[PDB]
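Student: Need a 3D model of the sequence below.
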Amino acid sequence: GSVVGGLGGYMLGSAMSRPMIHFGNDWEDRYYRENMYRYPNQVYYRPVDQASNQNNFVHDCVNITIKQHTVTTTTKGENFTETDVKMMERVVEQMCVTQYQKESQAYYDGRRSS
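Tutor: Numbers count the residues shown, from 1 in each chain. Structure as follows:
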């Protein structure tokens, strides 16, 4: 367990796949594809209890995942730029939305409204 930045019951998705994102600036697209190793291929989230709908779930995901690779590096000799973060926000959102869907089903299969 940890509670490093709130994580005292949070969870960590196994290694995922990098999604595709198309901001449509001809620097923004390359900026993702070129820098991608700098971004965590795993997302942190909380367990899917009572509600955990994607709104508060993606909120807590992007909050904590950024916190535990940006707030815990930007002091340690990284210095994650806002432009680099702008990419991480979506990259974490996407991968969090994937993980959200996984545990959503696992929750759902007990909450069934058919």
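Student: list the contacts for residue 18?
Tutor: Residue 18 makes contact with 36, 39, 41, 91 under the criterion CB atoms under 8 Å, 6 or more residues apart in numbering. For the C-beta atoms, the positions are set from N, CA and C on the backbone; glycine is no exception.
Student: Check residue 61 too.
Tutor: Contacts of residue 61 by CB under 8 Å, 6+ apart are 43-45, 92-93, 96, 99-100.
Student: Of the residues you listed, which belong to helices?
Tutor: 92-93, 96, 99-100 (DSSP state H).
Student: need the contact list for the residue nearest the centre of the chain.
Tutor: For the chain, the residue sitting closest to the mean C-alpha position, by CA atoms, centre = their mean, is residue 92 at 2.9 Å. Listed by CB under 8 Å, 6+ apart, the contact set of residue 92 reads 40, 43, 61-62, 65-66.
Student: how about the ones in helices among the contacts of residue 61 in a markdown table, adding distance to residue 84?
Tutor: Shown next, in a markdown table, are these (distance: CB to CB, whole Å):
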| residue | distance to residue 84 |
| --- | --- |
| 92 | 12 |
| 93 | 15 |
| 96 | 18 |
| 99 | 22 |
| 100 | 24 |
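Student: Can you tell me which of these is closest to residue 12?
Tutor: When the ones in helices among the contacts of residue 61 are compared for distance to residue 12 (CB to CB), residue 99 wins out at 9.4 Å.
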